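Every number here is computed from the coordinates shown, using simple stated rules; none is lab data.
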Amino acid sequence: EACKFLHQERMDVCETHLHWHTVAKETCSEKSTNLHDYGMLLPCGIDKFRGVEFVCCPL
Ligand SMILES: [Cu+2]
Ligand SMILES: [Cu+2]
Ligand SMILES: [Cu+2]
């Protein structure tokens with residue numbers, strides 16, 4: 001079925017991998033979907049990034 005491709009780039013923040021994975025996970029849940037693949041964007045340190053892209057699919 002149709003899944004949704006989403007990404008966030010926030011130049012005003014620099015956050016851990018876990019933070020961004022939580023953002024992706026919770027965004028999909030908010031939309032009544034499940035997180036499939038995801039990837040970190042705009043690194044700002046070792047294992048810190050300024051964004052994330054991810055895919056949400058129907059439960
Ligand atoms: Cu973009
Ligand atoms: Cu999971
Ligand atoms: Cu997953």
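The table for this structure:
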{"quantity": "Degrees between helix 17-30 axis and first principal axis of the chain (Cα, 0 to 90, nearest 10)", "calculated": "30"}
{"quantity": "Proximal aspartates and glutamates to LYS31, defined as alpha-carbon separation beneath 16 angstrom and excluding residues fewer than eight positions away on the same chain", "calculated": "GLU1, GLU53"}
{"quantity": "Compactness of the chain as Cα Rg over 2.2 N^0.38 Å, two decimals", "calculated": "1.10"}
